[PDB]
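Single chain ahead, by itself, as structure tokens, in the form deposited in one PDB entry.
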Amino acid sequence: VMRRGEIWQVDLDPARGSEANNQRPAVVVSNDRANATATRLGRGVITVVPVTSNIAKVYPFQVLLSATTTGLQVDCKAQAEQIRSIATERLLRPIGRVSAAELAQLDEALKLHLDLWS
């Protein structure tokens, strides 16, 4: 049981170059039928958007996540340009859930970054 919108701590190592690395929170963004399939076999993959506490300059393909509603300890930003499909074994520990507003803007960021305007 993992669901779209949930924030999990995930293990991204090893990484190369500007790829998000270390262990960090990430938002599940794959659909829940795929999530259910991945949990079924046990293996399978799920797609997540990594999160960083280094807010700095926020781009239109990135979304500010509130520590107050997510369970995070500080406000972070989800980087849609770092989207990654991961083996379920990289899931470490659940932290929380994004609001509906935050998730909707993350759908917008994904559509922008991947040029999915239709």
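Under this definition, the rigid core comprises the largest set of C-alpha atoms superposing within 1.5 Å between the forms. Quick note: we count residues from 1 along the sequence shown, nothing fancier.
From this point on, the text means the form deposited in another entry, which you will not see here.
Superposing on the rigid core, is the Cα displacement of residue 93 between this form and the one not shown 2 Å or more?
Stays below the 2 Å threshold, so no.
### Message
Tell me whether residue 15 is among the residues that move between this form and the one not shown (Cα shift of 2 angstroms or more, core superposed).
### Response
Comparing the forms between this form and the one not shown, which are aligned on their rigid core, residue 15 does shift its C-alpha by 2 Å or more.
For this session: Using a superposition on the rigid core, decide whether the Cα position of residue 41 changes by 2 angstroms or more between this form and the one not shown.
Result: Indeed, residue 41 is displaced by 2 Å or more.
- request: Just say closer or farther for the C-alpha distance from residue 48 to residue 15 in the other entry, relative to the shown form; it changes by 3 Å or more.
  value: Farther apart in the other entry, by 3 Å or more.
Practice prompt. With a shift of at least 3 angstroms, figure out whether the C-alpha spacing between residue 16 and residue 13 grows or shrinks in the other entry: closer or farther?
Written response: Compared with this form, residue 16 and residue 13 lie closer in the other entry.
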